[PDB]
Amino acid sequence: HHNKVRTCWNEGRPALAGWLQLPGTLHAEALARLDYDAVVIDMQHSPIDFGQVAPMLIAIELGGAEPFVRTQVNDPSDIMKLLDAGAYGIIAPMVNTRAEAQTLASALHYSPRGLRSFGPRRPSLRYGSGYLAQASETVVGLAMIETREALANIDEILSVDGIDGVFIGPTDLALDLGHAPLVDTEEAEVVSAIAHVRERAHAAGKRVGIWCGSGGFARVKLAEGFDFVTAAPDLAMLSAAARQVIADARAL
Amino acid sequence: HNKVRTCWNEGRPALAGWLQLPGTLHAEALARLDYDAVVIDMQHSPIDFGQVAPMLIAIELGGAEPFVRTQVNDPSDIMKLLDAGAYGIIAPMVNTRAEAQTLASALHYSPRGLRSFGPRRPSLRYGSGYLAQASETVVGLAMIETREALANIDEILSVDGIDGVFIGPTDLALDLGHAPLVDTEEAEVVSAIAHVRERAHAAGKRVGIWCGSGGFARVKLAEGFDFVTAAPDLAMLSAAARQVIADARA
Amino acid sequence: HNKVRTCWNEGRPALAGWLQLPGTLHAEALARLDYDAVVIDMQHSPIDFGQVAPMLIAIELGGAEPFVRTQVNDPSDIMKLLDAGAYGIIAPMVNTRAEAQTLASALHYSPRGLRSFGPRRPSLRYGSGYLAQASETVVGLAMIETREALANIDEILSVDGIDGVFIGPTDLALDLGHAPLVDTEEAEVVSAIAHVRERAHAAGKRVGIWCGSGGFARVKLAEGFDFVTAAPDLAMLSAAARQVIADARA
Amino acid sequence: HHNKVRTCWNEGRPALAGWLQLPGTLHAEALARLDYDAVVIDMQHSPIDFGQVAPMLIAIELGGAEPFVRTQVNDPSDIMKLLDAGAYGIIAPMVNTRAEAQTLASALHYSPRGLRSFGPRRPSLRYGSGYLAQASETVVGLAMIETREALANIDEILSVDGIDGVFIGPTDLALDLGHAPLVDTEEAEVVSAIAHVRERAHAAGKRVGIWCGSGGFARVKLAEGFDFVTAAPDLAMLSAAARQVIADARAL
Amino acid sequence: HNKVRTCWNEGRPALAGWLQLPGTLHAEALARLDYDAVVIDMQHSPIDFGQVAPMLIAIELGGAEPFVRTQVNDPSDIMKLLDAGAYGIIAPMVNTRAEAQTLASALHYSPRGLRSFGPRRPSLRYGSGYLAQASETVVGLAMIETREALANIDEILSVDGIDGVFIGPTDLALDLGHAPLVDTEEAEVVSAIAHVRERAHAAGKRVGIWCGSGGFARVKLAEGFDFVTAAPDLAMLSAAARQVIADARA
Amino acid sequence: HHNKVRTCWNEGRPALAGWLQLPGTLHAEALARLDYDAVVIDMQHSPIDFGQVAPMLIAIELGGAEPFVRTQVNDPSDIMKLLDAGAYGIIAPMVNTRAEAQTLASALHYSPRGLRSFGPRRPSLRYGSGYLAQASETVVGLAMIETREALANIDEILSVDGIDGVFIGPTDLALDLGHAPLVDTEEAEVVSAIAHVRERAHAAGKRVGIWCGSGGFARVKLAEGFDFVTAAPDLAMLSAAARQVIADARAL
Ligand SMILES: [Br-]
Ligand SMILES: [Br-]
Ligand SMILES: [Br-]
Ligand SMILES: [Br-]
Ligand SMILES: [Br-]
Ligand SMILES: [Br-]
Ligand SMILES: [K+]
Ligand SMILES: [K+]
Ligand SMILES: [K+]
Ligand SMILES: [K+]
Ligand SMILES: [K+]
Ligand SMILES: [K+]
Ligand SMILES: [K+]
Ligand SMILES: [Mg+2]
Ligand SMILES: [Mg+2]
Ligand SMILES: [Mg+2]
Ligand SMILES: [Mg+2]
Ligand SMILES: [Mg+2]
Ligand SMILES: [Mg+2]
Ligand SMILES: [Mg+2]
């Protein structure tokens, strides 16, 4: 028993992860069974509530990927309930300051390293009675860097011992820097900001991840040395596939 | 108006989506594409009645006609779906004239059928004039997917109150002793499919089929199918994800 | 005690609510009014089994007897509702003595019927003595809503184990070739309703009916109906909202 | 495509809205189809959770009213997830200070006018790819005035550019001022407070709304020049209608 | 591999859990204990299809084979459960050879049965080779719980495609005119149970039974039952809570 | 109509309560029907979301125990929505300071004693139109003491008028004091801390509760004079009962 993403990193390999915005277990299991190391459930920009995330985490684990959640907000009590429901990866949006990164770290570890409340319903079933001793290793925590403010604060954020590193939200970052909501961009200012965050993460001996909208862009990010790359949202892949089926059906 | 009936009345076939995943977000998103209808599969999916109800609403808001492929040809199940705003019904494994008569009985009020009266959602869409035009608001297709159905095709097509038939080519292939392959080239299955189509059109009825690709759907439209579905949500998403991963991993 | 049976044993009819909206808050709130029973409609509503279960609990806490009008006269569906704490069953479209016998078979343990034993919620309410008094805890009504049922009334009423019959006057009006109007004045429908009532009372059975207004319910109570429902939640809420809007907009 | 409430206001007309405390799609659609411009779903004083609100917003839009939510609390991340689920009106309870009104404004607009996170799942489907350019206009935001403290701070609250105005909670206001929980009151002190808030809202070129328990009271509020009037809660109208049916059924 | 079939192929019986409570947390937790299978009861529980679906996934992750005791022996209900990853089916009240043939028809693809093809979850577990080995992945047991079933035992056991029979001793006791007691000592019921066991083993079939205690389950295993369930989640939890309260209150 | 726990306390009797971590109504009703005065639903260390807690509160009340909730976090708006859903007992985890105890008190009372928002959907049905006058008595509020920090602050926490007292989280307390996650412990340091909290609660004329993992430990806590004792979690009792059934089934 081990965190599949931590196993990638311990073997000097990056992790590739899925991204779900659609509630339900069937597609969660089917995607987890593909060559994804993790599958992230998006609880920020989706209609997925806690009652719907709980059985999705089970389905991903059965499919053979590490269950991750991108939370609605950086809130310790929300993050703790997800950990106890068998979320083994947490990505907290809009972490703009060292203090906010400490708030995330506080949720991911038991005392004395954090203030995580004890009652691990699903981790105890997966890991057994030996869980508390290894609990910190079973969990991956990434602070999202999505703003001018987070970019300015990146060295202070990376100095927080309890987070594994940072996950870049490139569309919110492009918007905050005064651009359109650019997806998978080469825009020089946005790309220089993202390169800066990766360079500082690795200099600090921390991990860096990035959200991607396509397989093509994910290959570029992996080939730049990102540690955790997501591609691409279930609803986006499904809509694109339907549009293409319809286009081919209705062609002369 | 029933968007599929509007296609037909205007001399055009209908192209439909096919959902095996529960939920409203992809249902609305696919309904807003160039689909005339979106079918929710209650047979080969985890979708129960509590989940189908909001999906019907989402499809209608997206601007496609909501259809349901039911778990079974059962009149009371069909009547509850109709009153929940399912405006097309595809009933699996209709094998006999009696079974086609059971389907027709569910889709029409007395004296044409025995549909129980309590049209919760259709009354909201169509108003107090609903009863008079109820029959035309609903499209009903009996599924031809066995040797027995294929043997009994003319008598199934004889039943007034069904709009026509919808081929289940994987179940048909399997019952003919062939592999249940999507979009099959198997000569006997392809000949059985063309026979059902010709028989439906000769009886003044409509015919539909399930497809797994845009390419196959283009052929069935060209061959004169009236209602073509392509392709299942879970299949399309799985194949897309496989491609993304293969692109990403180089 | 079954509150409806207590009304009957004390020489009083029962007045019931009628829910087509899922959820527990209005179910408890209507149960706390001067209703003896609240019926949950699983036929002409979006309510599935997962939603009916907590509604039964809410009605019982509010202090009305929980009833269910099932989607269909199916023994296994009725048995699951009984074991979930439905203490009244109204089965739609009971047209023959055989169909009434199917309903009675579901409502009684061997040797009277064939009800499967596993009474999850009734055992909590009634304790370990439940089996001996099980029959008296449940009220079962066959719906008379077709020409065929009306023709077969005496033989439906002959079936021991059903408490009596419940008229579906909109389906009856429609099957008699009339408008399916709530609370109809149509002479033949009104005469058919009085006939069913007289036949039930002559057979020593109970009779109920669906009403759309307090005024009509008052008449049916005065005419000697034993179980009168008025009026559906969605209808009452819709008419109330229309009035509020008309008041507000001046 | 336009916000039906904003269209009323642009045409110098007030908006009349429904108020739901009962979960489910069928009554939501049926009421939306009546002569209501909007229907508000109450997530503060109801058992409605996020999983239940999501399909109700769809049902209201299909019925042809603008979907609104009265949120449980003034929390930016909760408000953002509702916007991305196709809530086009937000009413945030207990907004007592200018700082709290700024917190609400921050959630309702993308950078640089706010800090709303980008991922508009349902608005993108309703409005298309041209959504970001008009996003602020598609959304109506009202701060609730329900306390002595909010009343004292009304000019500071109204000075916040990012809110369309204020929505009065007359029962909580009556309670905070030391009265019984008065519904649709003429009580001189409560009525003078409410008149003050309307006068200051209109002086500031802002909109003012009020919650009503009856059609009669809603007519009075509309005829005083309120911009957004709700009447009346589904559970209240249903209970009153049932009581009257029973009273008529059991009459001699 | 089907874990129960693996027990049988290795000359061992299977011990199973029994859930009447909906939800995934206790389902996974009991599946991780020394149970070979966990049965979800859809007959005497509030569990609907929407709730059973995630429970099947939880049991499989816990490392027990997921089974379902269905509400009724209905082919379309069984086929939807199979496609949702129910790998054992126990059908209540199988009373005749015809009813056993109806069960067998649902569990096998043509030409052995008439199972409709669309194996959503089994295809994920078993891959594209699923069709060829489908029959062996599923365990099907007909319930013997009436006088009529007991009378028709040899002809039920004659049906190829059913793995064997599962005794419902409380319904059997009640239909024989005895108390529906868990783990009964009633001489005629005990003799009926041993007869069904001997008949199943003589026909080369498997036999199972429902138990209420570890002590009784130990005896049935020793007597040579192939599939023993003990004990229902709600019963075990209720008795445990009663003990805790009695300990606490002194 | 009365709070069953307050009735115990008014009659000089302690209350014994159940503890649910499993969603659903059937076991909630069955346990409520046993000799428990209350049943607590755990929304911190369970997968229970608001949509699942709502019908469980109904089931417990019908079974004839007082419905309690141990909340995910000490958040006033979450606590208010539970009160309006017919939670009549609130246990808020991780209350570490007098200020946090005041935050809990603020949620449990209407103005002027608190700032609870008015809209009591279920309490109004249970208690009728006379509810506001007795509302404070219908509700039991307990602040959880689970940390070194809460222990140091126990006299300041107990000085908050609006809480009935404190509920000890012995496992989180043992962890915070540097021990293993000890369940039902006699460990001298943890036991002295718990005895101190009980002694200070009773000296302050307040009530004290404690979570137990067994019937045996609950008897000891009752016999020490605790006012509110819980035993034992549904999932723990069910797992132990299954293990024993299996052990007996597979015995030689
Ligand atoms: Br792959
Ligand atoms: Br398109
Ligand atoms: Br009343
Ligand atoms: Br209107
Ligand atoms: Br074990
Ligand atoms: Br007890
Ligand atoms: K994988
Ligand atoms: K369309
Ligand atoms: K359901
Ligand atoms: K009552
Ligand atoms: K409207
Ligand atoms: K196991
Ligand atoms: K009790
Ligand atoms: Mg972002
Ligand atoms: Mg088929
Ligand atoms: Mg009817
Ligand atoms: Mg929920
Ligand atoms: Mg208020
Ligand atoms: Mg049985
Ligand atoms: Mg704790």
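Our subject is the structure listed above.
Criteria and thresholds
- Residues numbered from 1 in each chain as written, not as in the entry; some residues may be left out.
- Chains lettered and ligands numbered in written order.
- Heavy atoms only, no water.
- Donors = N, O, S within 2.8 Å, 3.2 Å for Na, K, Ca; no water.
- Helix = DSSP H or I, 4+ residues; strand = E, 2+ residues; numbered from the N terminus.
- Buried < 20%, exposed > 50% of the residue type's maximum accessible area, 1.4 Å probe, protein only.
- Salt bridge = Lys/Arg side-chain N within 4 Å of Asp/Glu carboxyl O.
- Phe/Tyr/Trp six-rings, centres within 6.5 Å; stacked < 30°, edge-to-face > 60°.
- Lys NZ or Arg CZ within 6 Å of the ring centre and 35° of its normal.

1. So, the coordination of the magnesium ion (ligand 14)
Residues and elements named next belong to chain A. Note on the magnesium ion (ligand 14): its protein donors are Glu 146 (OE) and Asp 172 (OD). The metal-donor distances range over 2.0 to 2.1 Å. Of this pair, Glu 146 sits in the loop between β5 (140-145) and α8 (148-152) while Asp 172 is found in helix α10 (residues 170-176), placing the two residues 26 residues apart along the sequence. The pair formed by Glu 146 and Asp 172 is uniform in burial state, with each residue classed as buried.

2. Description of unusual backbone geometry
Here the bond from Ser111(A) into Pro112(A) is cis, since omega is 10°, no more than 30 degrees from zero. For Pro112(A), the location among the structural elements is in the loop between α5 (98-108) and α6 (121-127). Going from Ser110(C) to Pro111(C), the amide bond is cis rather than trans, its omega being 5°. Mapped onto the secondary structure, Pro111(C) falls in the loop between α5 (97-107) and α6 (120-126). Non-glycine residue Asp183(B) carries a positive phi angle of around 60°. Within the secondary structure, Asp183(B) is located in the loop between α10 (169-175) and α11 (187-202). Unlike most non-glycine residues, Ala250(E) shows phi in positive territory, near 55°. Summarising the element assignment, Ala250(E) is placed in the segment after α13 (233-249).

3. Structural notes on the pattern of salt bridges
The full count for this structure, using the stated rule, is 90 salt bridges over all chains. A single network of salt bridges, built from pairs that share partners, joins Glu29(A), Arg33(A), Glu60(E), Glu65(E), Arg121(E) and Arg125(E).

4. As for the coordination of the magnesium ion (ligand 17)
Expected angles at a metal are 109.5 degrees for tetrahedral coordination by four donors and either 90 or 180 degrees for octahedral coordination by six donors. Each protein donor to the magnesium ion (ligand 17) is listed here as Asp49(A) (OD), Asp49(D) (OD) and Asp49(F) (OD); together their distances run 2.1 to 2.2 Å. Of the two residues, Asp49(A) is situated in the loop between β2 (38-42) and α3 (50-63) and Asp49(D) in the loop between β2 (38-42) and α3 (50-63); the pairing between them involves two chains. In terms of burial, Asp49(A) and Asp49(D) fall into one category: buried.

5. Remarks on the packing of aromatic side chains
Throughout the structure, instances matching the rule amount to 45 aromatic pairs over all chains. Plain terms: the ring middles of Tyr110(A) and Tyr131(A) are 6.4 Å apart, the flat faces sit at 85° to each other, and that makes the pair edge-to-face. With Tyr110(A) in the loop between α5 and α6 and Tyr131(A) in helix α7 (residues 131-138), the pair connects residues that are 21 residues apart, well separated along the chain. Given the relative accessible area of 7%, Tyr110(A) is considered buried. Between the aromatic rings of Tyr110(F) and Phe118(F), the centroid separation amounts to 5.5 Å while the plane-to-plane angle is 55°, which identifies the pairing as tilted. An aromatic cluster is built from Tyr88(A), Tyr110(A), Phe118(A), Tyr127(A) and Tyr131(A), whose rings are joined through pairwise contacts. The aromatic ring of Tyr88(A) is capped on one face by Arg126(A), whose charged end is 4.4 Å from the ring centroid. The ring of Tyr87(C) carries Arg125(C) above its face, with NZ or CZ at 4.3 Å from the centroid.

No statement about biological role is implied by the geometric values presented.
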